Number of protein chains: 2
Amino acid sequence: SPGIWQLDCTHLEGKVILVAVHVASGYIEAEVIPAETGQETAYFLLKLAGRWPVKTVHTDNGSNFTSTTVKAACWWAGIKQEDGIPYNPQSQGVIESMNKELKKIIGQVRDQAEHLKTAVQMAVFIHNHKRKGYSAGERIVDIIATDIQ
Amino acid sequence: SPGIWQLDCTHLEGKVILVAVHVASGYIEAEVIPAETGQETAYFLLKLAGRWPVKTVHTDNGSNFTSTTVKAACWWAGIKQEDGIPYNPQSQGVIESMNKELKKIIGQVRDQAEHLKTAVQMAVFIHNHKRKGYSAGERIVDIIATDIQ
Ligand SMILES: O=C(O)c1c(CN2C(=O)Cc3ccccc32)ccc2c1OCO2
Ligand SMILES: O=C(O)c1c(CN2C(=O)Cc3ccccc32)ccc2c1OCO2
Ligand SMILES: O=C(O)c1c(CN2C(=O)Cc3ccccc32)ccc2c1OCO2
Ligand SMILES: O=C(O)c1c(CN2C(=O)Cc3ccccc32)ccc2c1OCO2
Ligand SMILES: [Cl-]
Ligand SMILES: [Cl-]
């Protein structure tokens with residue numbers, strides 16, 4: 001579980017928000033892109049895997065699952081690429097709820113920035129620091145450190 | 001402290017590579033930008049602080065230290081903005097040594113990507129996973145986890 005991430009793609013202001021969630025912790029990383037392509041998805045995964053020990057990625061759709069550019073980035077980064085099918089049905093609604101919460105946070109900071117990408121980074125910050133009593137940021141470091149020891 | 005980071009700016013192919021180093025571990029995050037403005041530096045720090053518990057940042061030069069955009073982003077993110085003056089004289093050469101090593105790694109992957117930004121992310125990955133026997137990625141998680149606990 002400590003190396004498992006889920007990709008998620010949501011839309012806002014005619015742009016795409018690409019999200020990776022660390023499944024065990026709820027910790028997230030996100031970027032704004034004009035549209036979801038294999039190339040953008042590949043680049044995002046290279047960034048992610050250089051920062052956290054990404055073992056497995058459940059891709060967000062079949063186009064990223066299929067993409068030769070994505071499969072190449074996963075190979076390069078030592079990531080096992082998986083489908084994102086909610087064999088546990090809980091997952092569709094869990095992603096739904098995350099997007100809705102993320103979009104709520106974005107609405108709360110939207111007026112503090114000109115550009116969507118900036119508001120998204122502020123929302124990532126707020127999400128990751130929110131105490132739930134640990135934050136997502138605390139959980140991920142705890143989970144991975146235990147795994148190393 | 002587990003919360004201390006140093007900013008560093010280096011040049012390659014007529015572009016700027018902005019680097020944040022976690023002082024205690026040597027773990028790095030980096031991005032390519034056209035040039036080092038207050039705005040770009042501010043956005044890079046918002047990204048960083050959403051991902052790791054950034055308490056203190058030693059800025060890379062006086063323009064970023066002075067920048068009201070940078071000071072506003074530090075205020076927003078709860079970051080203490082400090083100078084990066086080598087009170088330990090060994091800091092100058094340590095940064096120089098990191099840029100040299102980073103550029104060497106970039107040279108080793110340069111032909112595997114069209115765009116500089118991609119090669120820089122591959123280099124971050126290689127740097128952060130390199131053992132010498134823990135990696136920088138292991139050290140940062142271990143340092144912060146101990147700090148939480
Ligand atoms: O509000 C949310 O549900 C939310 C989550 C939930 N999250 C976890 O805690 C574990 C997990 C696995 C797969 C998908 C989502 C989750 C995570 C991140 C969020 C959430 O709201 C905004 O950012
Ligand atoms: O060429 C680029 O800069 C680039 C790539 C290149 N690339 C692949 O197509 C497959 C792969 C695996 C590992 C590393 C790099 C690559 C991919 C994504 C990109 C690239 O520029 C921006 O987004
Ligand atoms: O080769 C390097 O010096 C290097 C470093 C060095 N680094 C640490 O290990 C701890 C530290 C504190 C302050 C500044 C630098 C360092 C870090 C990252 C690197 C390095 O080469 C490429 O990426
Ligand atoms: O307006 C933007 O999108 C933007 C900003 C905005 N901004 C400040 O000027 C000071 C600050 C503190 C906290 C959050 C946002 C801001 C800063 C940097 C940017 C921005 O767009 C891309 O790079
Ligand atoms: Cl493709
Ligand atoms: Cl400025």
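Within every chain, numbering begins at 1; the chains are lettered A, B, ... in the order of the sequence lines, protein sequences first and strands thereafter. Values below: all heavy atoms of this structure, side chains included; hydrogens, waters and symmetry mates excluded.
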| task | Would you mind listing every ring-ring contact (aromatic ring centres under 6.0 Å, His included) that reaches into residues 18-47 of chain B, with sequence neighbours excluded? | result |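 Non-adjacent pairs meeting ring-ring contact (aromatic ring centres under 6.0 Å, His included): B:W5-B:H22, B:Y27-B:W52.
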| field | Pair listing, ring-ring contact (aromatic ring centres under 6.0 Å, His included) test, anchored in residues 102-126 of chain B, at least two apart | value |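 Qualifying pairs, neighbours excluded: A:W76-B:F125, B:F125-B:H129.
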| request: Report the distance from atom CD of A:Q121 to atom CG of B:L48, rounding to the nearest 0.5 Å. | output: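 Spacing of CD (A:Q121) from CG (B:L48) equals 11.0 Å.
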| query | Hey, does A:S63 have a side-chain heavy atom less than 4.5 Å from the side chain of A:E36? | reply |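 In short, these two side chains do not touch, never coming nearer than 4.5 Å.
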| message | For a 4.5 angstrom cut-off between non-hydrogen side-chain atoms, does A:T59 reach A:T41? | response |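 Counting from C-beta outward, A:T59 and A:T41 never come under 4.5 Å.
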| Salt bridge between A:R51 and B:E29, side-chain N to carboxylate O under 4.0 Å? |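 A salt bridge is present here (some side-chain N lies under 4.0 Å from a carboxylate O).
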| So, B:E13 and B:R110, do they make that salt bridge, N to O below 4.0 Å? |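 Answer for the salt bridge query: yes.
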| Flag if over 12 foreign heavy atoms under 6.0 Å of NZ, B:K71 |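 For B:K71, atom NZ is crowded (more than 12 foreign heavy atoms under 6.0 Å).
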| Going by side-chain heavy atoms closer than 4.5 Å, which hydrophobic residues are tied to B:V23, directly or by a chain of links? |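 Result for B:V23 is B:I4.
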| field | For A:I106, the rest of its hydrophobic cluster, which grows through side-chain links under 4.5 angstrom | value |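 A:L12, A:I17, A:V19, A:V21, A:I28, A:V32, A:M98, A:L102, A:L116, A:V120, A:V124, listed by chain and number.
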| field | Distance-only donor-acceptor check, side chains A:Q6 and A:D60, under 3.5 Å | value |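 There is no such pair between these side chains.
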| task | List in chain and number order the residues that pass side chain to side chain contact (heavy atoms under 4.5 Å, CB included) with B:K100, two or more places apart in sequence or in another chain; answer none if no residue qualifies. | result |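 Listed in chain order: nothing, the list is empty.
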Mind listing the side-chain donor-acceptor pairs of residues 79-94 of chain B below 3.5 Å, one per line with the distance, residues two or more places apart or on another chain?
from  : atom 1 : to    : atom 2 : distance (Å)
B:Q81 : NE2    : B:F65 : O      : 3.4
B:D83 : OD1    : B:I85 : N      : 3.0
B:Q92 : NE2    : B:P89 : O      : 3.0

